[PDB]
Every structure is written in C-alpha cells, then in structure tokens.
Amino acid sequence: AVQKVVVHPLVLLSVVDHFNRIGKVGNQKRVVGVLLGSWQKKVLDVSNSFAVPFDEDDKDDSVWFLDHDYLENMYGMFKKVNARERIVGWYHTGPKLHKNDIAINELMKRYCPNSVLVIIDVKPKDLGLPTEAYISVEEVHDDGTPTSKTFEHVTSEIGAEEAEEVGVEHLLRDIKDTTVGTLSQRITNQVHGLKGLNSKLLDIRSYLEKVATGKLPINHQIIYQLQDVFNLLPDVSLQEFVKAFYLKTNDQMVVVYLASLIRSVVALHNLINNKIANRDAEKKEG
Amino acid sequence: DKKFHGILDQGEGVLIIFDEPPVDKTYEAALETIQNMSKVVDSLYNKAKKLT
Amino acid sequence: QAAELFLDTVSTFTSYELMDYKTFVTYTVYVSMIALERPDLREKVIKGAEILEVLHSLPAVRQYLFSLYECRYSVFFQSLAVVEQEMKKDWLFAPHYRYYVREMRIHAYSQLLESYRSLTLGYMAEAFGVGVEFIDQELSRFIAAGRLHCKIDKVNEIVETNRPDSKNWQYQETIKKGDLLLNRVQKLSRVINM
Amino acid sequence: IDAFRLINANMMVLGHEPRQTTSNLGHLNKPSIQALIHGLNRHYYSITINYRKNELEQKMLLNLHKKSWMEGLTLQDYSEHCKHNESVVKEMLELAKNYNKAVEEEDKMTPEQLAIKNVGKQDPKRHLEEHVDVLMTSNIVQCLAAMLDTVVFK
Amino acid sequence: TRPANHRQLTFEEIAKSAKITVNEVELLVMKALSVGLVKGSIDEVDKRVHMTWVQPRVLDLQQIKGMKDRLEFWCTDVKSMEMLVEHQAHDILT
Amino acid sequence: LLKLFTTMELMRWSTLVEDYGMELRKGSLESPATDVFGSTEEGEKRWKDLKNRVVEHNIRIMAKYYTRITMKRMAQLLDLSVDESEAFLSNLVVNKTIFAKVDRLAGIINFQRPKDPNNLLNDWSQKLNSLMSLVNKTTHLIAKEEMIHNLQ
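Residue numbers (full-length UniProt numbering), protein chains in the order written: chain A, 5 to 290; chain B, 371 to 422; chain C, 196 to 389; chain D, 157 to 310; chain E, 283 to 376; chain F, 305 to 456.
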C-alpha cells in the first residue's frame with residue numbers, strides 16, 4: 005500500500021559515483037546496490053544508501069552473487085552511527101533490466117517486508133525522464149492466465165531537505181531559474197511541457213501498432229486503461245464552455261486593459277520630465 | 371423595496387422568480403482607477419502647459 | 196449636493212440669517228427625491244421627526260410624498276400639476292419649470308417599469324392614469340431620448356423591457372470612461388513633442 | 157564552509173605562505189575581522205575552494221529537481237485566481253490615489269528636484285507599474301494556457 | 283457504437299434496440315445506474331438520456347484501426363500547434 | 305428491509321401493499337405485526353406515515369437519478385394526485401431537505417441548479433486535468449512495463 009516514494013538528492017549522486025567507481029576496469033554496465041530508507045507512515049522516504057559487489061553473466065542469465073557479510077557489517081555500521089535509518093530495499097541502473105531482479109528481490113525480502121526497487125538513469129538523461137520504482141507483489145496473473153510476478157509500478161517524486169535544497173542552489177551558479185517568471189520562462193514551461201506530450205503519444209501508438217500487428221500477445225489490463233482516456237476527454241459544444249469560456253476571457257481582458265492605460269501614462273511622464281530637463285539645460289548653457 | 375427577487379408579467383399574468391449574479395468586486399474597482407488616471411493626465415496637462 | 200446638505204434641518208426661529216421656515220420645508224422636500232432613488236429614502240423623509248411634523252402641517256406635500264411612495268400614480272399625476280402651477284410663484288424657479296417636471300416624470304416611469312418586464316398599456320389605461328395613445332407617444336419620446344432602457348410594441352400591446360443585468364451596463368461604463376481618457380492622453384501627447 | 161591548514165611555527169622570521177607564483181590568491185579569499193583574530197595568520201592559514209563540476213552529474217542534478225511536465229498546461233483554478241486579482245486592483249487603486257496629489261503638488265510648489273521627497277521617500281514611478289507587471293504575467297500566461305486545451309483536447 | 287459524438291440518446295433508440303416499451307426505459311436505466319455500469323443522468327424535457335460511460339471492456343482489432351486514425355489525428359494536431367507556438371514565440375523563448 | 309435500502313430496488317407502494325398484505329393480515333405467528341399495524345387510529349396513522357416515508361424515499365431517488373421530469377409522470381408514479389404531489393414537495397423544499405424547484409406553467413420539476421461560470425469552467429478543467437494527465441502518465445508506463453514481459 006505504497007502511495008509514492010521520496011528520493012532525496014543525495015542517493016542518486018552516490019549511484020553516479022558508483023557508476024564511475026567500477027567503470028575503470030569493469031564491463032558490468034549495471035550497478036546494483038542496497039537502498040536504505042525511512043518508512044514513516046504511508047509515504048516512503050530515502051535518505052542514504054550504499055552499494056554492494058554484484059556481477060551477472062549474460063550466459064543463462066540466472067547466475068548472481070550478493071555479498072551478505074558486507075551487507076551485515078556496513079548496515080550494522082550505519083545503525084551505530086545513525087539509529088534512525090534502516091533498510092527499505094535495493095536499486096539498480098540500466099533501462100533494460102535483467103531477469104535476476106526477481107531472484108534478488110525474493111532473497112532480501114527477509115530483510116524488508118515491503119521491499120522496493122528504484123531504477124535510475126545515468127545515460128538516458130536527455131529528455132524528461134525521472135527515476136523509476138516498482139513494487140514486489142505476488143498474484144497469479146489476472147483471472148485465468150498463467151502465473152508470474154508482474155512488478156507493479158509505484159509513482160515517484162523527488163523531495164529534498166532544508167540543507168539539501170539550499171546546498172543545491174550554491175552549486176549550480178549558471179542559470180539558477182528564478183521564481184515567478186517574467187513571461188519567458190512560463191512560455192517555455194508550456195513549450196517543453198508539450199515536447200513531452202507527443203513523445204508520450206508517439207510511444208502509445210508505437211506499442212499499439214506493435215500489438216495491432218500481433219507480434220507480442222495482448223494484455224487486457226492496458227486496454228481498458230487506455231479506453232477510459234478517449235471516452236473521458238471533454239467535448240466543447242454549447243452553453244457549458246462557449247458561454248463560460250468568454251465569461252473568464254472577457255473578465256481577464258479588463259485587467260490587462262489597465263496595463264494599456266497605466267503603462268502609457270508611465271512612459272509619457274518620463275518623456276515630459278526629460279523634455280523639460282533637456283530644453284532647460286540647452287537654453288542656459290549658452 | 372428589495373425584499374424579493376423576481377419579475378412580473380402583465381401580458382400573461384406569469385410571476386417569474388430569478389437569481390442575480392454576484393456584485394463582483396474586481397470590475398468597478400477598475401472604474402475608480404480610470405478616475406485617477408483621468409486626473410493625473412489632467413495634472414500632466416497643465417504641467418506641460420505651464421512649462422513646456 | 197442640494198439634497199445632502201438639506202438633510203439636517205434643525206432651525207425653527209427665523210432671523211436675519213434664516214429665510215421663511217415654511218418655504219424651507221417645501222424646498223428640502225422637493226429635492227430629496229432626485230439625489231437618491233430608494234436607498235432607504237423612507238428613513239430620511241418619512242421616519243424623520245422634525246420634517247415629518249411640518250409636512251404633516253401641509254396637506255398637498257404630504258399627499259405628494261405618499262403618492263410617490265405608495266405608488267398611487269393616478270393622484271401623483273394630479274399632485275405634480277398642482278405643485279407646478281405653484282412653481283410660478285417663486286423667485287428662483289427658472290431652471291425648474293422645464294427640468295423638474297421631466298425628471299420627476301421619467302422617475303415615475305422608471306420605478307413603474309421596474310418589477311414588470313411584460314407590462315401592457317391596457318393596464319396603464321387605469322393604473323397610471325387614463326388615455327391610451329398619450330402614453331405611447333410619451334414613452335416613445337423618452338426611449339428615443341436615450342433614457343428608459345425598455346422597448347415598446349404596438350401590435351402586441353407588450354411594453355417589453357430590456358434592462359441590463361448589471362454587466363452590460365457596467366460594460367458601457369468602462370467604454371465611456373475609457374475613450375474619454377484616451378482622447379485626453381493623445382491630445383496631451385501631441386501638444387508636447389513640438 | 158571553509159578549509160584551513162596549519163603552518164609551522166619555526167618559519168616565523170620568513171614567509172608563512174610565501175612565494176607568489178600566481179595572482180589569483182587575492183580575490184578567492186578575503187578574511188573578515190572575525191577570522192583574523194583567532195589564528196590568522198600567525199597560527200594557520202586559509203585555502204581556496206573550487207567545485208569540481210562535470211557532466212552526467214550536474215546536468216542530471218537539474219534534470220530531476222527543477223523540472224515539470226504538466227505545470228505549463230495547467231489552469232490556476234479560478235476560485236482563487238480572479239479572487240487574487242481583486243486585492244491587486246484595489247491596492248494599486250490606492251497607490252493611484254496617492255500618486256495624484258504627490259508629483260503635481262511637489263512640482264507646483266518648489267522646483268528643487270531634491271529634499272525630503274528625495275531622501276526618505278517611497279512612492280515614485282517605480283512602485284506603481286510593478287503591480288501592473290505582476291498582473292500581466294499572472295494573466296497573459298493564464299489566458300494563453302486556457303487557449304491551448306481548446307485546440308489540443310478536441 | 284457512437285464514439286462520444288452525440289452521446290445524448292433518445293428513448294426511441296433504446297426502445298428499438300432493447301425491444302422494451304417506453305414505460306420501462308426509465309426503470310431500465312436506473313437499474314444500470316444502480317449497478318455502476320454508467321454514471322449518466324436522465325432528462326425528460328426532451329426525453330433524451332445523457333450518458334457518461336465509465337465502465338470499459340475488451341474490443342477487437344476493428345475498433346483498434348479507427349482508434350489509431352483518431353490517434354494519428356490526435357498526433358498531427360498537437361504537433362502542428364507546437365510548430366505554431368515555437369515559430370511565433372521564438373524571440374521570447376531564451 | 306433490504307428492498308428499501310437505496311437505489312429504489314424496483315419499489316412502488318401499490319406493489320408494496322399487495323404482496324406483503326399477508327404479513328399484515330393473519331400469518332403463522334404474526335404477533336408483533338398486529339401490535340404495530342392493523343389497529344385503531346394509532347395504527348392507521350402508521351399506515352399514513354409508512355406511506356409518508358416511502359414517497360420521501362421516492363423523491364430522493366428521483367432527485368439523484370434524474371435531471372428533469374414532467375409533473376404528470378411524477379404524480380402517476382407516486383400513486384396520488386397532482387395536488388398532493390405539489391404540496392408534498394412544497395413541504396420538503398421549505399424543510400430544506402430535498403433541493404429542487406418546480407414549474408406550474410409547463411410542468412417541469414427540475415433537479416439540477418443553474419451552475420456558475422466560475423464553477424462550471426473550474427469543473428471543466430478539473431475533469432480535464434485528472435482524466436487526461438494521470439491516466440495519460442499511466443498509459444505510457446504500463447506500455448513500458450509490457451516491454452519486459454513480452455520480449456524476450
């Protein structure tokens with residue numbers, strides 16, 4: 005019953021660290037570590053974490069090794085330095101996940117009952133794509149379909165702390181993106197707010213034409229999850245929109261009509277005071 | 371005497387009770403801003419007349 | 196401004212500083228219906244004490260206010276003519292004989308055309324007064340004057356009003372005060388810049 | 157945050173952090189009065205701090221904190237938007253009440269272009285348009301945000 | 283059958299399709315609102331039923347085809363309006 | 305009891321008086337049934353009040369599952385005349401317990417209210433926001449989740 009997780013801006017920096025702590029000699033091209041958290045009531049929080057030596061062979065894709073003794077000491081070391089933080093799960097990077105992630109999860113559920121994984125992106129960082137989290141659930145599948153795992157998605161957000169947010173602003177120092185914007189940042193928030201829109205909409209038809217052909221089998225779960233999108237968008241016809249839209253559009257044109265009136269008197273007064281001061285310095289210089 | 375909201379009809383003998391919109395504050399406040407901008411331009415006019 | 200400072204009438208002895216008190220009563224009561232329509236006008240001309248006694252002294256003025264307040268338009272028709280023949284016996288009635296009538300006439304029509312949007316003139320033949328074609332040409336002169344925002348109809352006998360809903364009238368008040376300021380700022384803007 | 161570093165006490169007749177190689181050591185640190193009273197510079201000295209910023213760490217730091225998807229195409233929920241504009245028009249109304257007398261009385265009495273209306277005042281032509289500036293950006297965006305979804309969402 | 287174009291269906295079409303009489307189409311739709319297969323309302327000043335369908339199901343490949351064409355229309359209309367915004371407000375983009 | 309819970313469960317008082325009369329007449333035990341109903345003027349008022357409570361249940365189901373209705377249909381569906389139907393609704397609306405408004409010129413009792421243009425546009429964008437952004441996010445991520453189960 006996880007609503008959402010809160011990833012502090014510290015742990016992903018430790019992943020980017022440990023993505024570079026192995027890349028000098030390692031060709032593993034995935035980083036698997038241990039996620040520590042603070043399960044408060046219903047929302048999940050992640051403050052600190054660490055990593056663990058893990059490898060995986062591409063042949064037979066079922067062989068793995070976790071270091072339990074390093075997990076027992078270092079989590080026990082963190083408990084002594086901070087008896088607030090505890091285990092909440094694990095994490096791995098790489099978009100394409102290997103299939104030992106059920107085998108890793110079902111082992112370390114002996115540590116955490118509500119075990120959770122967090123997928124981050126180190127290289128796919130160009131578009132708007134945050135970190136990703138799933139959940140460990142065990143059902144059959146749907147009704148009469150064969151049994152499997154089916155990691156369900158839990159939505160994720162990012163939240164800092166008081167020093168963890170003020171220390172960020174001192175680091176950037178390049179554009180800094182001020183609060184409430186002066187008509188230039190706000191339009192770009194609608195520009196790149198829409199650049200991610202059709203990128204989702206191109207992605208829907210790409211999976212749809214993949215399954216309209218029939219290569220991969222269908223999932224009925226996504227069908228009605230897509231079907232309530234199209235028969236719940238509004239249709240603007242008469243007396244519910246076209247009356248009520250002008251009632252707030254002809255409302256907001258009255259107050260910008262003051263901006264036409266007031267700002268014209270502002271620059272006119274600055275014109276008068278300069279044309280007085282110009283001709284009076286001119287007539288008295290000679 | 372504003373003790374009742376409605377309207378009468380003589381051609382049909384039909385009483386019709388209706389409602390009114392709110393008195394909205396944001397509109398006639400701007401009516402009073404025009405009176406100030408009318409006076410400061412009047413203040414700028416004889417200023418520009420008295421000295422060019 | 197006249198009806199505002201005539202609201203306080205506490206002076207009974209007449210002297211070098213004061214005029215006749217009886218005519219001061221008639222002057223403060225003829226004006227107290229033009230400033231305010233009914234924002235509790237009944238509190239200041241009826242619920243008063245020192246003005247209520249002296250209008251209780253005079254029969255015509257007490258008839259004149261009750262004819263306007265209780266909307267006895269048949270005798271308010273008569274009470275306005277008795278005042279106006281009396282208006283000639285005055286020393287300051289010059290902007291009154293042609294302006295106080297048509298303002299009080301159009302004030303009686305305006306409160307009558309309230310509370311009715313499908314009013315007929317067949318009801319006007321006995322409620323307001325008498326006559327048929329006189330009211331038709333009377334209302335036509337005031338609708339064409341620009342005032343009395345209502346329409347008239349002949350072959351259906353329905354004086355259908357089209358009073359605005361405190362938005363379209365308020366929409367006019369921005370566009371009349373707006374361009375009046377805009378013609379002021381351009382005329383300012385061209386006297387300067389040589 | 158600052159970092160410090162002890163100097164030996166034997167070399168107190170010659171330079172302490174001597175040997176000027178560069179000239180960038182003067183504007184990276186200026187010790188304040190509260191710093192030079194305890195140990196500076198006879199006991200220890202200060203050292204300069206820069207930040208090792210690179211890629212795939214810094215860009216993704218801002219690709220996750222100050223980002224959005226639907227924030228641009230979302231209404232301001234007019235229950236408090238036009239309610240907010242009531243209390244903005246009325247306060248610039250009062251500043252326009254203040255503006256009428258102020259300039260025209262000052263110019264018509266004495267043309268000094270100076271005192272107490274210069275030394276300790278706050279009602280110029282800097283204060284009356286910034287309320288107009290806020291009122292445009294809060295509404296021109298809000299007008300145009302309700303224009304896209306008429307086209308986009310059928 | 284109608285993809286939310288004019289979802290306000292009148293009594294004649296239900297009485298023809300469900301072969302039920304006019305005196306039972308009101309009892310029929312209150313039973314459907316009671317179960318939860320739909321969350322519409324019923325108007326009788328025009329004898330027409332407003333319908334906000336909220337209970338989805340499976341469909342075939344034949345409805346998949348027009349769904350993509352509406353999605354391709356959905357794709358090309360949004361992308362065209364982004365090109366009008368990006369061209370118009372490029373000088374104030376920064 | 306289970307029939308008179310809610311959602312009308314196909315109720316009608318003329319149907320109610322004709323099928324459960326044997327419970328109200330002599331039955332097998334029927335010992336508190338004569339003690340409450342089927343009596344002198346104490347019991348006859350309880351017939352009227354039971355009639356009063358079912359039509360009060362019948363007004364509440366109409367105002368929730370309808371928008372407008374003709375007055376001739378409401379009168380015949382409550383098994384009573386047009387004059388009692390008006391006076392019974394006039395009792396409810398001055399009691400501020402059923403929230404509606406009638407017409408005696410064309411006979412359309414309506415059930416909704418004139419909604420406000422601030423209210424209507426805010427409810428437009430609210431059904432625009434939570435029905436085209438959250439599930440729109442979900443369509444993208446389930447289709448990403450199906451990339452793992454399908455291939456390979």
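Backbone N, C-alpha and C fix where the C-beta goes; we use that ideal spot for every residue, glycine too.
| Asked | Found |
| --- | --- |
| Can you confirm whether the segment 269 to 287 of chain D touches the segment 202 to 220 of chain C when touching is taken to mean that 3 or more C-beta pairs between the two stretches lie within less than 8 Å? | no |
| Identify every residue that forms a DSSP beta bridge with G93 of chain A. | A:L39 and A:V120 |
| What's the gap between the Cα of residue 252 of chain E and the Cα of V307 of chain D? | With chain E covering 283 to 376 only, the question about residue 252 of chain E has no answer from this structure. |
| Which chain A residues sit within Cβ distance under 7 Å of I241 of chain C? | Neighbours of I241 of chain C on chain A: none; closest Cβ ~40 Å, over 7 Å. |
| At a Cβ threshold of 7 Å, is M312 of chain E touching chain F? | yes |
| Do the segment 5 to 18 of chain A and the segment 203 to 222 of chain D make contact, defined as three or more Cβ pairs closer than 8 Å? | yes |
| Does the beta carbon of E242 of chain D sit closer than 7 Å to a beta carbon anywhere in chain B? | yes |
| Mind pulling the chain D residues with CB within less than 8 Å of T403 of chain B? | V245, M248, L249 and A252 |
| Does any C-beta atom of chain F lie closer than 7 Å to the C-beta of residue 383 of chain E? | Because chain E is modelled from 283 through 376, residue 383 of chain E falls outside the range shown and cannot be assessed. |
| Rounded to whole angstroms, what's the CA-CA distance from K417 of chain B to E402 of chain B? Just pull it up for me. | 23 Å |
| For chain D, is any of its Cβ atoms less than 7 Å away from the one on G41 of chain A? | no |
| Could you work out which residues of chain C lie near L265 of chain A, taking near to mean beta carbons separated by less than 9 Å? | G373, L376, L377 and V380 |
| Just checking, does the segment 438 to 446 of chain F make contact with the segment 229 to 239 of chain A on the three C-beta pairs under 8 Å criterion? | yes |
| What residue ranges within the segment 16 to 71 of chain A form continuous alpha helix (DSSP H) runs of no fewer than 4 residues, ordered along the chain? | none |
| Classify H251 of chain C: buried if its beta carbon has 16 or more other beta carbons within 10 angstroms, exposed otherwise. | exposed |
| By the criterion of Cβ-Cβ separation under 9 Å, what are the contact partners of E213 of chain D in chain B? | Within chain B, no residue comes near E213 of chain D; the closest Cβ sits about 49 Å away, beyond 9 Å. |
| What does the Cβ neighbour count give for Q456 of chain F, buried or exposed, with the cut at 16 atoms within 10 Å? | exposed |
| Under three-state DSSP, which class holds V297 of chain D? | helix |
| List the residues of chain A whose Cβ lies closer than 7 Å to the Cβ of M292 of chain D, in chain order. | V260 and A263 |
| Name the residues in the segment 341 to 355 of chain E whose C-beta lies less than 8 Å from a C-beta of chain A; which are they? | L341, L343, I346, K347, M349, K350, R352, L353 and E354 |
| Rounded to whole angstroms, what's the CA-CA distance from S140 of chain A to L229 of chain D? Just pull it up for me. | 34 Å |
| Would you be able to state if there are at least three C-beta pairs under 8 Å between the segment 385 to 404 of chain B and the segment 248 to 264 of chain A? | yes |
| Measure the alpha-carbon distance for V233 of chain A versus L201 of chain A and round it to whole angstroms. | 14 Å |
| If you drop the 5 nearest sequence neighbours on each side, which residues of the same chain put their C-beta closer than 8 Å to that of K180 of chain A? | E173 |
| Thinking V67 of chain A and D61 of chain A are a contact (beta carbons under 8 Å), I'd like their distance in whole angstroms, please. | 5 Å |
| Going along chain F in order, which residues have a C-beta closer than 7 Å to the C-beta of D325 of chain E? | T371 and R372 |
| Tell me whether the segment 406 to 424 of chain F and the segment 186 to 199 of chain A touch, counting them as touching only if at least three CB pairs, one residue from each stretch, are closer than 8 Å. | no |
| Going by DSSP, what residue range makes up the beta strand (DSSP E) through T374 of chain F? | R372 to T374 |
| Given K214 of chain A, which residues of its chain have a CB within under 8 Å of its CB, disregarding the five upstream and five downstream residues? | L220 |
| Taking just the CA atoms, how far does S389 of chain F sit from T303 of chain E? | 26 Å |
| Name, in chain order, the residues that DSSP records as bridge partners for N414 of chain F. | F:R372 and F:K405 |
| Does chain B have any CB closer than 7 Å to the CB of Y311 of chain C? | yes |
| What separation, rounded to the nearest whole angstrom, lies between the Cα atoms of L309 of chain E and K307 of chain F? | 15 Å |
| Per DSSP, which one or two residues make a beta bridge with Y397 of chain B? | DSSP, once it has assigned bridges, lists no residue as partnering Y397 of chain B. |
| Within 7 Å of any Cβ in chain C, is that where the Cβ of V411 of chain B sits? | yes |
| Helix, strand or coil for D325 of chain E, going by three-state DSSP, please let me know. | strand |
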